[PDB]
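Chemist: Handing you this structure, nothing more for now.
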Amino acid sequence: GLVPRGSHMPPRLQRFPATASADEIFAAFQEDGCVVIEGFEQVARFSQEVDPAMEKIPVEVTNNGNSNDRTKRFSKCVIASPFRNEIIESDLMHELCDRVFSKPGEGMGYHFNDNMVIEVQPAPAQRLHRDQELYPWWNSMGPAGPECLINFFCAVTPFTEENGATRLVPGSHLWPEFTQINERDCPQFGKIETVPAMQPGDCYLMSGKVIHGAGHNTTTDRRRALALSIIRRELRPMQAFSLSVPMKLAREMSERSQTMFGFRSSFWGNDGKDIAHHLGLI
Amino acid sequence: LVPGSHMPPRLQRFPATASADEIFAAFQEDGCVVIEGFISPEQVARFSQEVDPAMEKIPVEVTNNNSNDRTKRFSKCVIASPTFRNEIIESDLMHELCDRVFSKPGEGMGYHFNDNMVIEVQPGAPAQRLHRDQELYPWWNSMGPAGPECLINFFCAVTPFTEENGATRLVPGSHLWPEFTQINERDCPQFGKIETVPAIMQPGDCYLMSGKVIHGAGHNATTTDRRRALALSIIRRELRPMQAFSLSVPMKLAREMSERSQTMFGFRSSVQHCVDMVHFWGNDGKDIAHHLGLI
Ligand SMILES: C=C1[C@@]2(C)C[C@H]3[C@]4(C)CCC(=O)OC(C)(C)[C@H]4CC[C@]3(C)[C@]1(C(=O)OC)C(=O)[C@@](C)(O)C2=O
Ligand SMILES: O=C(O)CCC(=O)C(=O)O
Ligand SMILES: O=C(O)CCC(=O)C(=O)O
Ligand SMILES: [Fe+3]
Ligand SMILES: [Fe+3]
């Protein structure tokens, strides 16, 4: 008795506590392409730390169909928030990444693509898209292809259906053909059943194959999010973290986090040697 | 020609003064093309000389094995060779050809360096296993010949490439087979039945090869011939390089690069359009070359 008996049931979107087993969350990730992780205070210290840089972002009102139309985005999160000390060291984050990406005896098969705070000003709904469209050939491999990208999308201010929270399409990672989602390329355009995604500090772990998009935003609510995009070791990051994150901060990171930001190798080597030698990190 | 004698596969040859369009058409037909005089004889000789000290401090590895040993590999070419960083990577024919492969309309350079590797095959080095270079990106074969290009290689003769000294063995038109598998006994049904052809080249000649082309370094059946090559490996802007050039190449040398050379090594971003635009390998909305100081 989850929907009134006889009702059409909407797409399934499982929810796990931040204390749940990694293999339990992972089976739900494979089943639907996305899961919620409730509980993934630290969220408050972070928002306050990033709030000044947020305030120095002017808003554009363009009615252009762009993703910048009344949506604020900021990436220098390691520079701006002592995040770089607590948030990225989730032993469950790595627990999941290592199940999605790593192979036995290659160590870490993953690293960071971006660390982005997204704040939808009260803004047209984002176009529906797969994240893996960032690597434009991936869709051509269809649902049999390997994962390139997963996203720990974390709520900062709460996610109402009013402030424009992300609308996810669970199960779109198993559709036979992966297309652009528009009226010309997507036969299912307009019949696509979305499910809106949430309280601060909770994260939904989404595959790069799942259709989704930010909805329309209210009068007062700036709905703020924090995206942890993590990609295959073989793919290139959107952010050049090891060129803009200062060496002072890289020295305080763990071996595994230096790898996530490319201050360390596992690809991205230095003539047969780990790049961390030449940088002075033993 | 040969005498009813079987005729081995055709590897096309062009001079470096041929138009990029004629070379590219042959590249598309066959997946590989020789560009003669890709580098001048005087440039190759100066490059060979400028890296030779580094090439002499590299110990030859000999092992008890089928593991691509007795092959020196050196990648600090920008640091060690002014002829390389000031002249070789500024080949316009190289960039002309890279655009025809990689660059989408209105998104700038679609490509950057994966590696710059001197490969010196020692006397007696065993032959390499037949392989496609895009096996580096393990999912790529699964898109088969319809797939987009992962990488191309400008593989230049620094010293002569002969059949005896281990010039690369190529399989022209293997970029067009219907199934791309690893080349082993379990997965490849033509295993042991694959016809190769060597890349016979003088110094400064190069071949240009798709990642979809099966190939392998031959066996060096000489006693005194160290067969040297310079591999300029070039990948799509969305793929990760094997060398972290922006972290080991010094900024002194970065400031003396053209903007397109800076982009090749990750000292500068390229802008991909998806509705939306995004500087790839950027800095929170801006080109990374601002924070690095390159303007
Ligand atoms: C330009 C855009 C790209 C190409 C990349 C994308 C991306 C890195 C990719 C999806 C992912 O996995 O991670 C996150 C959530 C961090 C996003 C963050 C936002 C941007 C930078 C982007 C944008 O801001 O447009 C001006 C978009 O909104 C979007 C979805 O259209 C894109 O595909
Ligand atoms: O802003 C959101 O809620 C979704 C983020 C997203 O999908 C993107 O920008 O890529
Ligand atoms: O050295 C050669 O001729 C071939 C080298 C090669 O193909 C490789 O190392 O990938
Ligand atoms: Fe998205
Ligand atoms: Fe090769």
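Within each chain, counting starts at residue 1; across the structure tokens, chains are named A, B, ... in the order shown, with ligands numbered 1 upward in that order.
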Could you pull the residues within 12 Å of residue A:204, counting only C-alpha atoms, minus those fewer than 5 positions along the same chain, as a ChimeraX atom specification?

Modeler: /A:13-18,25,28-29,32-40,93,150-155,159,165-168,170,196-199,225-229

Chemist: Mind checking which residues fall within 6 Å of stretch 60-74 of chain B, counting only C-alpha atoms, ignoring those fewer than 4 positions away in the same chain, and posting them as a list in words?

Modeler: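 Counting only the stated atoms, we get residues 117, 118, 119, 120, 121, 122, 125 and 128 of chain B.
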
Chemist: What's around stretch 152-166 of chain B at 7 Å? Count only C-alpha atoms, leave out sequence neighbours fewer than 3 positions away in its own chain, and write the answer as a VMD selection string.

Modeler: chain B and resid 44 48 198 to 211 217 to 222 225 227 to 235

Chemist: Filtering to C-alpha atoms, could you give me those residues as an mmCIF file, in the first residue's frame?

Modeler:
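Done, and the output landed in part00.cif:
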```cif
data_model
loop_
_atom_site.group_PDB
_atom_site.id
_atom_site.type_symbol
_atom_site.label_atom_id
_atom_site.label_comp_id
_atom_site.auth_asym_id
_atom_site.auth_seq_id
_atom_site.Cartn_x
_atom_site.Cartn_y
_atom_site.Cartn_z
ATOM 1 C CA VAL B 44 65.521 15.019 -36.105
ATOM 2 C CA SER B 48 68.113 12.969 -31.151
ATOM 3 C CA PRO B 198 56.481 -2.801 -41.513
ATOM 4 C CA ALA B 199 56.693 0.985 -41.433
ATOM 5 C CA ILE B 200 59.933 1.431 -43.374
ATOM 6 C CA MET B 201 61.044 4.997 -42.701
ATOM 7 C CA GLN B 202 64.069 7.293 -42.802
ATOM 8 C CA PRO B 203 64.792 9.767 -39.975
ATOM 9 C CA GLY B 204 62.141 12.467 -39.698
ATOM 10 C CA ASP B 205 59.579 10.327 -41.508
ATOM 11 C CA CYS B 206 56.516 9.491 -39.461
ATOM 12 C CA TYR B 207 53.407 7.453 -39.766
ATOM 13 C CA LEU B 208 50.059 8.731 -38.536
ATOM 14 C CA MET B 209 47.910 5.966 -37.073
ATOM 15 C CA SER B 210 44.399 5.755 -35.600
ATOM 16 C CA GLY B 211 43.829 4.061 -32.287
ATOM 17 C CA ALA B 217 56.719 -3.169 -32.589
ATOM 18 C CA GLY B 218 58.656 -5.784 -34.508
ATOM 19 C CA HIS B 219 61.527 -7.870 -33.222
ATOM 20 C CA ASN B 220 64.925 -6.146 -33.407
ATOM 21 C CA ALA B 221 67.011 -8.898 -35.041
ATOM 22 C CA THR B 222 70.205 -6.794 -35.141
ATOM 23 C CA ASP B 225 71.007 -1.164 -33.910
ATOM 24 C CA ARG B 227 65.902 1.717 -33.240
ATOM 25 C CA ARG B 228 64.723 5.071 -31.916
ATOM 26 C CA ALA B 229 61.270 6.610 -32.327
ATOM 27 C CA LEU B 230 59.363 9.673 -31.128
ATOM 28 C CA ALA B 231 55.713 8.899 -30.404
ATOM 29 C CA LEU B 232 53.453 11.983 -30.373
ATOM 30 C CA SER B 233 50.233 10.585 -28.889
ATOM 31 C CA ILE B 234 47.167 12.813 -29.275
ATOM 32 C CA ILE B 235 43.744 12.292 -27.650
#
```

Chemist: Collect all residues with atoms no farther than 9 Å from ligand 4, counting only C-alpha atoms and all ligand atoms, and output them as an mmCIF file with C-alpha atoms, in the first residue's frame.

Modeler:
```
data_model
loop_
_atom_site.group_PDB
_atom_site.id
_atom_site.type_symbol
_atom_site.label_atom_id
_atom_site.label_comp_id
_atom_site.auth_asym_id
_atom_site.auth_seq_id
_atom_site.Cartn_x
_atom_site.Cartn_y
_atom_site.Cartn_z
ATOM 1 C CA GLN A 126 16.662 22.810 -16.643
ATOM 2 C CA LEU A 128 16.328 17.018 -19.198
ATOM 3 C CA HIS A 129 19.693 15.392 -19.811
ATOM 4 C CA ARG A 130 21.980 12.513 -18.960
ATOM 5 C CA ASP A 131 25.120 13.611 -17.124
ATOM 6 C CA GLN A 132 27.200 11.325 -19.362
ATOM 7 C CA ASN A 151 27.158 12.202 -8.955
ATOM 8 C CA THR A 166 15.985 17.930 -9.190
ATOM 9 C CA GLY A 208 25.532 9.195 -15.473
ATOM 10 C CA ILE A 211 17.664 11.217 -17.214
ATOM 11 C CA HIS A 212 17.119 14.198 -14.913
ATOM 12 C CA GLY A 213 16.952 17.984 -14.760
ATOM 13 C CA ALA A 214 16.430 20.845 -12.312
#
```

Chemist: Just need the residues of chain B within 9 Å of chain A, counting only C-alpha atoms, so spit them out as number ranges by chain.

Modeler: B: 73-76, 117, 136-139, 142-143, 147-148, 237-248, 266-267, 269, 274-285, 288, 291-292

Chemist: Which is closest to residue A:96 among A:194, A:220, A:47, A:30, if we use only C-alpha atoms?

Modeler: A:30

Chemist: Step one, run DSSP on the backbone; step two, keep only residues of stretch 29-254 of chain B assigned to strand (DSSP E or B); then write them as number ranges by chain.

Modeler: B: 32-36, 71-74, 111-121, 131, 151-157, 161, 169-170, 197-198, 201, 206-210, 215-216, 227-236, 239, 243

Chemist: Residues at most 7 Å from ligand 5, using only C-alpha atoms and all ligand atoms? Could they come as JSON, numbers by chain?

Modeler: {"B": [131, 132, 133, 215, 216]}

Chemist: Find the residues near residue B:249: any atom within 9 Å, counting only C-alpha atoms, skip ones fewer than 6 places away on the same chain, and give them as a list in words.

Modeler: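 The residues satisfying every condition are residues 76, 78, 79 and 265 of chain B.
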
Chemist: Write out, as an mmCIF file, in the first residue's frame, the residues just selected, with C-alpha atoms.

Modeler:
```cif
data_model
loop_
_atom_site.group_PDB
_atom_site.id
_atom_site.type_symbol
_atom_site.label_atom_id
_atom_site.label_comp_id
_atom_site.auth_asym_id
_atom_site.auth_seq_id
_atom_site.Cartn_x
_atom_site.Cartn_y
_atom_site.Cartn_z
ATOM 1 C CA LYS B 76 60.454 14.413 -20.766
ATOM 2 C CA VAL B 78 59.729 19.233 -23.590
ATOM 3 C CA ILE B 79 62.150 19.574 -20.684
ATOM 4 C CA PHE B 265 49.842 20.424 -22.384
#
```

Chemist: Go through A:259, A:157, A:182, A:219 one by one, measure the shortest atom-to-atom distance of each to ligand 2 using only C-alpha atoms and all ligand atoms, and give the residue with the smallest value.

Modeler: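 Closest candidate: A:157.
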
Chemist: Tell me which protein, DNA and RNA residues are within 7 Å of stretch 97-109 of chain B, counting only C-alpha atoms, leaving out same-chain ones fewer than 3 positions away, and put them as an MDAnalysis selection string.

Modeler: chainID B and resid 20 24 93:94 236 270:273

Chemist: Could you save those same residues with C-alpha atoms as a PDB file, in the first residue's frame?

Modeler:
```
ATOM      1  CA  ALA B  20      46.459  17.793 -45.329  1.00  0.00           C
ATOM      2  CA  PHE B  24      43.719  12.641 -44.378  1.00  0.00           C
ATOM      3  CA  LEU B  93      50.520  19.722 -40.743  1.00  0.00           C
ATOM      4  CA  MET B  94      50.187  17.973 -37.378  1.00  0.00           C
ATOM      5  CA  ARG B 236      40.304  13.923 -27.524  1.00  0.00           C
ATOM      6  CA  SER B 270      39.375  24.408 -24.565  1.00  0.00           C
ATOM      7  CA  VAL B 271      35.667  25.274 -24.643  1.00  0.00           C
ATOM      8  CA  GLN B 272      33.187  22.465 -25.384  1.00  0.00           C
ATOM      9  CA  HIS B 273      29.584  23.261 -26.318  1.00  0.00           C
TER      10      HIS B 273
END
```

Chemist: Extract, using only C-alpha atoms, all DNA, RNA and protein residues at most 9 Å from residue A:251, discarding same-chain residues fewer than 6 positions from it, and format them as a count of residues only.

Modeler: 3

Chemist: Excluding residue B:80 and its own-chain neighbours fewer than 6 positions away, which residues fall within 9 Å of it when counting only C-alpha atoms? Please give them as number ranges by chain.

Modeler: B: 50-51, 54

Chemist: Write out, as a JSON list (two decimals), in the first residue's frame, the residues just selected, with N, CA, C and O atoms.

Modeler:
```
[["chain", "number", "residue", "atom", "x", "y", "z"],
["B", 50, "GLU", "N", 69.64, 16.15, -28.50],
["B", 50, "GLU", "CA", 69.26, 16.85, -27.28],
["B", 50, "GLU", "C", 68.68, 15.90, -26.23],
["B", 50, "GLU", "O", 68.76, 16.19, -25.03],
["B", 51, "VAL", "N", 68.09, 14.78, -26.65],
["B", 51, "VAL", "CA", 67.56, 13.80, -25.69],
["B", 51, "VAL", "C", 68.57, 12.69, -25.40],
["B", 51, "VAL", "O", 68.41, 11.98, -24.39],
["B", 54, "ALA", "N", 69.71, 11.92, -21.81],
["B", 54, "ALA", "CA", 68.67, 11.26, -21.04],
["B", 54, "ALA", "C", 68.48, 9.82, -21.50],
["B", 54, "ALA", "O", 68.20, 8.94, -20.68]]
```

Chemist: Give the helix (DSSP H, G or I) residues of stretch 31-279 of chain B, as DSSP finds them on the backbone, and put them as a PyMOL selection string.

Modeler: chain B and resi 41-56+77-80+82-86+88-90+92-102+133-136+140-146+174-176+245-248+251-254+259-264

Chemist: Closest to ligand 2 among A:120, A:97, A:195, A:253, using only C-alpha atoms and all ligand atoms?

Modeler: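 Closest to ligand 2, using only C-alpha atoms and all ligand atoms: A:120.
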